[PDB]
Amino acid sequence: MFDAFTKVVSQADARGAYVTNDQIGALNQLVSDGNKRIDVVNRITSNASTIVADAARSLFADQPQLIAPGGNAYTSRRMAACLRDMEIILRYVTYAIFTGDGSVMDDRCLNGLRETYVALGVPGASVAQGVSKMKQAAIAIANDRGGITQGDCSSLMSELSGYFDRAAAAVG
């Protein structure tokens, strides 16, 4: 599994290179943003159930065919599996923003997920829409100015958005 630091190391080893001053500088900036990163992990994790529920509600409002009789999220078992998948993907996004690398989410969640969904008949475009709705909610919660020392978290919000976008692309 990589974190931000071992990702840099792995790319350097493949080139037989020492990590450069520019790369060291970038990792130092990540380190100096560490409190903010943990606030992102904490805020998303603390609000995970409402992020999933609210995104799911919004998905089914926009994609009513999923919950019509015969639809892929109709029956309690299929609805429960769909809500589980939304939570699974959010959980792996939190791991990625914690480590500062997307490898955990590629290796353990997304690799082969496209093919799994084909075999099951799960519509990946709707999974992607659910993921993007969780993204919107998670950024609003993580980047909320209330009850925190004021400062800029824009780099972390871009990185977080990237992990959600990576999951959305992987399922379709």
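Position 1 is the first residue in the sequence shown; the rest follow in order.
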Checklist entry - What stretch has the higher average Cα B-factor here, 152-160 or 6-14? => result 152-160
Checklist entry - On average, which has the higher Cα B-factor in the deposited entry, 109-117 or 52-60? => result 109-117
Checklist entry - By the record's CA B-factor, is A26 among the lowest, middle or highest third of residues in the chain? => result highest
Checklist entry - Lowest, middle or highest third of the chain for the C-alpha temperature factor of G147? => result highest
Checklist entry - C-alpha B factor of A169, ranked within the chain: lowest, middle or highest third? => result middle
Item to check | Among modelled residues of the same chain, the CA temperature factor third for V122 | outcome: lowest
Checklist entry - Taking the C-alpha B-factors as the PDB entry records them, is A140 in the lowest, middle or highest third of its chain? => result highest
